[PDB]
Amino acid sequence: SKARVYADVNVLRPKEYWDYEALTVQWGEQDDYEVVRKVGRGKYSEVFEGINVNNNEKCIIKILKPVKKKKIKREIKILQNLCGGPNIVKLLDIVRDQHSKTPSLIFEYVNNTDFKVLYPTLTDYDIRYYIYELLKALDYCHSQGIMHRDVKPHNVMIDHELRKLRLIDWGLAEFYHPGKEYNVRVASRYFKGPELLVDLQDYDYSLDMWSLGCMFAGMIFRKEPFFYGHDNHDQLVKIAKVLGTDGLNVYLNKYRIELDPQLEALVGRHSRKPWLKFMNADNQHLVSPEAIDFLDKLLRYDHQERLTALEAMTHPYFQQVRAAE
């Protein structure tokens, strides 16, 4: 399997562009940035609102937790390659603690409101507007030969007051190379695409389109997360319970995938549950036929069937957003 778009981006660009292992970090000055307050955390890092001492400009300080040198060069290279793209967080500097050599990635300041409190207040139009903004970021990174591999609400910072969006945490991102077999242990469980759940290693940019689909479904249906599986095995079951097993079987045979006996047993046999079956008094104001058609074209078992970020942006669902632009 290969991407249906941007497949040769890294094939045509010089080795230095994607050969991140050959990167030699130009460490800046650790004293230039001061922590002001913590604002977040993850299994791989701690994030603080900071201040650039030279210009007293606010910034974001991401202190990385101990991890392999390769992974750190990877995140840095991708950040340097995407800097300046639409809605892509901007890496401003890279410093390290002299004594322990703990790395810190310095970014432009980003204002944010946790999705569990922001999302409930979004209007039908806000949702169209912000998803469109996210799609710009995804079409861009894909056009540059990179898969984010961890699209989820937590990684989409939004400054609702200024209606500004940024795609963050490129710590799991990778460069796409035709035919390469990647690690399937990426993204977050509720947003893992079927390819990751059934061990299809030669996946591509389309992976992010499933994750986006899950996020979108949660937003219009007010059911977060939309696919709530306890572990990887269960994650596929919850998915099968909605899209139906027939579609799953067509998919597995096309890619010659062997489902683990145990897992196959858990999935079972299920009919498809129409999207409208998910509409209720709490989400009726956000569910529209255009929203359903868009979502339907994203959540497909077969990754080659999903809409590309570029295709997604032209769907009539975003008509007024484009018109506004």
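Whichever C-alpha set is largest while still superposing within 1.5 Å between the two forms counts as the rigid core. Residue numbers here begin at 1 and follow the sequence given.
- Put simply, when the other structures in 4 other deposited structures of this protein are lined up on the rigid core, the C-alpha atoms of 100-108 lie farther off than those of the other stretch, from 148-156 and 100-108.
- Annotation: of the segments 91-99 and 194-202, 91-99 departs further from this form in 4 other deposited structures of this protein (C-alpha atoms, root mean square over structures and residues, core superposition).
- Stretches 201-209 and 185-193 differ in mean CA B factor, with 185-193 having the higher one.
- When 100-108 is weighed against 170-178, 100-108 comes out higher, by mean CA B-factor as recorded in the entry.
- The residue among 39, 292, 281, 298 whose C-alpha atom has the highest B-factor in the PDB entry is 281.
- Across the options 128, 154, 149, 116, the residue with the most elevated CA B-factor in the record is 116.
- Per the PDB record, residue ranking by Cα B-factor puts residue 246 in the highest third of the chain.
- Per the PDB record, residue ranking by Cα B-factor puts residue 221 in the middle third of the chain.
- The entry lists a Cα temperature factor for residue 10 that places it in the middle third of the chain's modelled residues.
- In this PDB entry, residue 238 carries a Cα temperature factor that places it within the middle third of its chain's modelled residues.
- Residue-level temperature factors show residue 45 in the lowest third of its chain, judged at the C-alpha atom.
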